[PDB]
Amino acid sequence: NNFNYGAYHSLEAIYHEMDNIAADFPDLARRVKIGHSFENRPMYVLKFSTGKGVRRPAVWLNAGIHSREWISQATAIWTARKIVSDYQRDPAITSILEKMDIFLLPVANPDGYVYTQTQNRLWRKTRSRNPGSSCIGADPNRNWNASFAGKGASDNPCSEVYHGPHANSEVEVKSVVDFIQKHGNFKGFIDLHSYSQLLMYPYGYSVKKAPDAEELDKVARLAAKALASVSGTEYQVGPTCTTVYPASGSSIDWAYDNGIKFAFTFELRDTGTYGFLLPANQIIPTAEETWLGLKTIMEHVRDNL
């Protein structure tokens, strides 16, 4: 059909392609509205599932929480198409889907993404109003209830890392928290950002060792090796705090502190040559290699089931 996966797209085009995927594979993929943004845009996920069990284990794949990181939403929509294309053509994704559901949120910050397309390509935050300030938006990746208002966040609404007035104040973050909590039985939570070529695990808010650190590091290293096998792209691996910087209130620390074992952040390409402004001709190569990383992690979840 008429969607170029090697180009960047509007929010409406992305949502339309999600609907197309659900319509073309209605026994595998369903589009679910999980909430809405500050400006009342819908938040949509695709759920990929093969079983009508109750309480089937699930993994959550998150992208585009920071609106300027365009390679994340582009990689996510490509991933949606890859899952449906390869089902019953690749035993790896087929057996993953055999054992677990996958939820994919390609645009976790729709208002910010529209703003980057129409007003300021470098916008990061949400677009919520801050009473008492003319500064707009909170950093949705400092807004989660995991050492909220700790290190690496700001109390200042004008900051790129403003945490918001309280945990879950951003309706885009509350929507995901609420859906995961009600749905239950999550085993993985993977957040796609850019850039730096890093695959990280908890914690961002403290230097303390996650109980599962040895396993998470082992799985991240295998995933990085799989990712590098496609075109040679090298990733560094480690806990967020020392691998990028301290950051409190982040999505993967909230997921892990809530019992979701396989909690990882990818910082996708590149290492700073183009930074957030990654050329469209790198979308498909990035998404192809990232897929082997995501598959490796999900294979590990599968093999624990």
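Numbers follow the displayed sequence, beginning with 1.
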Could you settle it for me: does 238 to 246 or 49 to 57 have the higher average Cα B factor in the PDB entry? 49 to 57
Among the modelled residues of its chain, the C-alpha B-factor of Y274 falls in the third labelled highest
Determine, from the deposited record, the chain-internal third of the Cα B-factor for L192: lowest, middle or highest. middle
Taking the entry's C-alpha B-factors for this chain, is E267 in the lowest, middle or highest third? middle
Relative to the other modelled residues in the chain, which third contains the C-alpha temperature factor of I34: lowest, middle or highest? highest
Place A76 in the lowest, middle or highest third of its chain's C-alpha B-factors, as listed in the PDB entry. lowest
